[PDB]
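Residue numbers (full-length UniProt numbering), protein chains in the order written: chain A, 2 to 37, 46 to 79, 84 to 273, 282 to 426; chain B, 2 to 57, 62 to 282, 292 to 428.
Note that the Cβ used here is the ideal one computed from N, Cα and C, for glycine as well.
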Ligand SMILES: Nc1nc2c(ncn2[C@@H]2O[C@H](COP(=O)(O)CP(=O)(O)OP(=O)(O)O)[C@@H](O)[C@H]2O)c(=O)[nH]1
Ligand SMILES: Nc1nc2c(ncn2[C@@H]2O[C@H](COP(=O)(O)CP(=O)(O)OP(=O)(O)O)[C@@H](O)[C@H]2O)c(=O)[nH]1
């Protein structure tokens, strides 16, 4: 019952920013850690008012970590590394990754050596970067091989379909998703344009990344809500692995939070499992649900949760191997985020997230055949053969989803 | 600390563009350019250490100026004061005079050790250099010759360091030196061999961009270098500003995003808005004449474009959707589907509260060089002006190799 959070990259670090901005007052503390329901799973005991979130903000070209420290973290565990991230996965893996992995894993095993008992890791990053992609992949590699009995969860922002912020980001995405496969037993994928449209629906003016990462932060908070807010029908990360991962390598999740508030519970539950409310733009029409976890929290009523079966027997489409009334991991938590009397999270193992994967595949299917940006990898130590086999693994995973329909 | 970048300026156009560039960058930071000292009570705006140094102290630019004639260095000192370190400024007497070989084999060899000693001094004060911006005009003599020698010596000594060149091409409206084709091709060979990137300007495009689209009946060269300076400020703001919404882009980051192939490293630049100090602004960034090179890139083929917005961002989903819609009617390489790096900077420029800079890789730029090569077809079909090239130290077969390398570049693009 302890969480070590890993934050690599600018996107992952802003996700972490918003994540603790809401997690601190979700337990009644300010952003700086001052006191204004076992909340010690995320936080280490340092001072009676300062409950320190032990999360490593390791990131090449730090830049943003300065504005992170301006909300107080543990300054010893985090590092503002010498810059030079670029958007190269190999540059975060073996060029400058090899000169930071010893220090970051010394920090990590010092953080977990003082742990009474650990459940796993929740890493927030973006697969499309160069720091959060390559450094995250290296951390996954040397963290699975160090603690094979622990359960790494990755909250990765997949690059947007409509427009791109990096010109080599599908290379990075695929060659980090391969490491997420080979090194983690759980993954929640985030898509940016879905977050933009959700925040457009939620608010009345134009949002930005801070609102998107607030939504992502609500997602991550409700992921572990049943673990740190013990009510009835508790949920654990081991339970997430057991009942959301039907096959050994199929552990990529799409997440929706509701509402977007003294709302009527049927509306909250039917809008929680809404095809347009999920935070990753995945394939719903042709896709089906493998394993949906409904984690409701706050002013939730057990009969209300269990009687909202209209949205499951009407809107939710399941695979052939799951029972019609099954496919639900139900969870109750006594505490919901503020502004919500009762709120809900849908964590779905779904076929349509493979569509997410395949769009990166599509980009890789046009770049590798044209020798597009591969010299940036070859001169950095990552050859074309390992990129090809990483894409082969990712395509096999997407085909596993397509076969699991 | 942030990844560093030194801007070495060679030749007259390079030195004057450097003067204007550090002027506008300093006044973006809130630093007086004519003095080099920070404004009291005001902190530097953004990551100063990328392009500057607190020399004890003063926020001095990390700029090296070499020119084989005293006039340009003296004029830059007059227009800039104590902004640049005099140790960074190296001058000779006779000049190169449109002769590449003086800067390559001649006074260039004599001036090389002092320039490289100063460059080693500056890089030893760098935390992590991730780019060297060579501000020069390859049409000129000193610029071409010592830019070639300097980038060759960098790649001989260093080579982990990205090199972004910012070269001013000869104008197709008029030539300023008749040996501009010689100098341009001779420096272009070493740019393809040694420089990891090259940014291309052209005076005629900036003239038509600042004549009717700046409401000046006839701009000076100061407006030319000011437009180039707005371009460079927008480009380096990614290397210069960091924060939450803004994404930090190193020059190696901008290189890895903008240079797909090792020989495909020549970039066009454009600026918006084209108004004296949104969708119409989106298209203003992407007009056929908005690029800072006398050519039409919209019949070309954008390899990859760094679109760097800077300013207040009140339409982030709307502007992302506008960029996505604009991408549909632009010529993009199929083999780079992710050909957009949408860089954001919260802080705008000083001239505008809302600006964007296009920094694109386009095949069109090659045909630009092709016309210079066409001009090279005039000076060597009859063996003209090449007596001093041969006498200064170079050889005819070497020059044929250089021209073949330029043709190899142009054929590598297309
Ligand atoms: N949905 C969100 N996307 C974000 C957020 N922050 C960044 N991004 C986007 O994620 C995408 C890539 O993430 P990053 O480049 O920041 C990951 P990283 O820092 O490791 O890249 P480098 O430092 O350049 O190596 C890009 O589109 C960013 O604009 C965010 O808070 N939410
Ligand atoms: N945008 C700007 N372009 C300039 C400026 N000065 C010159 N140029 C352009 O540079 C081109 C000529 O290159 P230069 O002679 O200035 C370079 P260099 O001093 O190395 O030549 P030599 O003295 O013959 O050795 C010409 O097209 C000019 O229009 C300037 O201040 N700004």
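Assigned with DSSP and collapsed to three states, residue 45 of chain B falls in coil, not helix or strand. Sequence-distant partners of residue 253 of chain B (beyond 5 residues in either direction) whose C-beta falls short of 6 Å from its own C-beta, in its chain, are 247. Put simply, of A:405, A:354 and A:104 the residue whose alpha carbon is nearest the alpha carbon of residue 238 of chain A is A:354. Beta-carbon to beta-carbon, residue 316 of chain B and residue 346 of chain B are separated by about 5 Å, close enough to satisfy the 8 Å threshold. Using a Cβ-Cβ cut-off of 9 Å, residue 349 of chain B is close to 387, 388, 390, 391, 392 and 393 of chain A, given in chain order. Under the DSSP definition of a beta bridge, residue 70 of chain B partners with B:10 and B:94.
If you check the C-beta of residue 103 of chain B against ligand 2, you find a heavy atom less than 7 Å away. Taking a Cβ-Cβ cut-off of 9 Å, the neighbours of residue 177 of chain A in chain B comprise 351, 352, 353, 354, 355 and 356, given in sequence order.
The C-alpha of residue 73 of chain B is placed about 26 Å away from the C-alpha of residue 387 of chain B. Relative to ligand 2, the beta carbon of residue 72 of chain B is positioned inside 7 Å of a heavy atom. The beta carbons of residue 110 of chain B and residue 69 of chain B sit about 21 Å from each other, so the pair does not count as a contact at 8 Å. A residue is called buried when at least 16 other Cβ atoms come within 10 angstroms of its Cβ; residue 229 of chain A meets this threshold and is buried. Residues of the segment 211-226 of chain A with a C-beta less than 7 Å from any C-beta of chain B: 213, 219, 220, 221, 222 and 223, listed in chain order. Looking only at A:335, A:108 and A:211, the smallest Cα-Cα distance to residue 299 of chain A is reached by A:211. Residues of the segment 329-340 of chain B with a C-beta atom less than 8 Å from some C-beta of chain A are 329, 330, 331, 332, 334, 335, 337 and 338, listed in chain order. Counting along the chain, the unbroken alpha helix (DSSP H) around residue 148 of chain A starts and ends at 144-157. One thing to note: residue 188 of chain A has its Cβ within 8 Å of the Cβ of residue 411 of chain A. Linking residue 352 of chain A to residue 334 of chain A through their CA atoms gives a straight-line distance of about 19 Å. Judged by their CB atoms, residue 232 of chain B and residue 214 of chain B are nearer to each other than the 8 Å cut-off. With fewer than 16 other CB atoms across the displayed protein chains lying within 10 angstroms of its CB, residue 392 of chain A is exposed.
One finds nothing in chain A with a Cβ atom closer than 8 Å to the Cβ of residue 271 of chain B; even the nearest lies about 16 Å away.
Residue 157 of chain A has a beta carbon lying at 8 Å or more from every beta carbon in chain B. Contact between residue 168 of chain A and residue 137 of chain A holds: their C-beta atoms lie close to 4 Å from each other, under 8 Å. Around the beta carbon of residue 260 of chain A, fewer than 16 other beta carbons lie within 10 angstroms, which makes this residue exposed.
Taking C-beta atoms under 8 Å as the contact rule, residue 4 of chain A and residue 132 of chain A qualify, at a distance of about 7 Å. As DSSP reads the structure, residue 56 of chain A sits in no beta bridge. In its chain, beyond the 5 residues on either side, 4, 5, 6, 7, 128 and 166 have a beta carbon closer than 8 Å to the beta carbon of residue 134 of chain B. In the displayed model, residue 267 of chain A falls within a strand according to three-state DSSP. Per DSSP, the continuous beta strand (DSSP E) segment holding residue 372 of chain B begins and ends at 368-376. Using a CB distance below 7 Å, the part of the segment 224-256 of chain B facing chain A consists of 247, 248, 249, 250, 252, 253 and 255, ordered along the chain. Secondary structure at residue 95 of chain A: coil, using DSSP grouped into helix, strand and coil.
Residue 148 of chain B is outside the set of residues whose beta carbon lies under 8 Å from a beta carbon in chain A. For residue 103 of chain A, the shortest separation between its Cβ and any heavy atom of ligand 1 does not lie below 7 Å. Relative to ligand 2, the nearest heavy atom lies less than 7 Å away from the CB of residue 175 of chain B.
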